[PDB]
């Protein structure tokens, strides 16, 4: 019930959620676990965590390079599940969402994938290259194992898509800020007020805005636009990349950034 509980608490506090993304195992397993503890300590309300994939087609160069770093450290999905179990054992209530590509979910059986997610205490799974039209076995397996399947509401969404996303998704609704792929260098729009409004009309899971969110101003703006919160990936990953030789400075600058981004979610 972790997302439901989070949004209820945030609502009571008149706060948006701030949700960082990192790649699991970037730049190694031990440093990644410290990064994630830093993000939480600095005020992350939830996590979105990528499992390294060979060909991440929804990602721009910054997160492509995060994936490549994890691979250079020998990170596999099995090691990611060990990390996730350790994260949950430390942090019982934070919502944990995975960013997956379809092949990694399909590989050893869709059902088996969601069952593993349940065993380690994952709350949600977003499969980036499975649109609602192809989602049936993924959403069925997710709900059978008490995992929230996350769906995307793009800026080009029509009414049929809004209704499907509202119906099929759980946890949160992903409100895409723009077309294209992940990247801090491509700033998205303000949340589409009409889309936020239609999602609320249709009783969709609360919206988190993502793609191109890299500054406290954008977080504040998402909240004001009526989104429940915002996700930032590339901006966080840039701080890892810049500080590979300076792990202590890396954690200091991650704490500073996350704290600032979270402070902007307070209304």
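Residue numbers count along the first chain shown, from 1. Just so we're on the same page, rigid core means the largest C-alpha set that superposes within 1.5 Å between forms.
- Farther from the shown form on average, by C-alpha root mean square after a core fit in 8 other deposited structures of this protein, is 233-241, of the stretches 28-36 and 233-241.
- At least a third of the other compared entries skip residue 179 while keeping the residues on either side.
- Checked against the other entries of this protein, residue 77 counts as resolved in every one of those spanning it, not missing from a third of them.
- Comparing 20-28 with 247-255, the stretch with the higher mean C-alpha B-factor in the PDB entry is 247-255.
- Of the two segments examined, 66-74 and 224-232, it is 224-232 that shows the higher average Cα temperature factor in the deposited entry.
- Ranking 96, 83, 192, 99 by the C-alpha B-factor listed in the PDB entry places 192 at the top.
- Considering 160, 123, 129, 134 together, the PDB entry gives 160 the largest C-alpha B factor.
- When the modelled residues of the chain are ordered by C-alpha B-factor, residue 91 sits in the middle third.
- For residue 58, the recorded CA B-factor ranks within the lowest third of the chain. Only modelled residues enter the ranking.
- Per the deposited record, the Cα B-factor of residue 140 falls in the lowest third when ranked against the other modelled residues of its chain.
- Ranked within its chain, residue 103 lands in the lowest third, by CA B factor from the PDB record.
- Remark: residue 176 belongs to the middle third of its chain, ranked by C-alpha B-factor as recorded.
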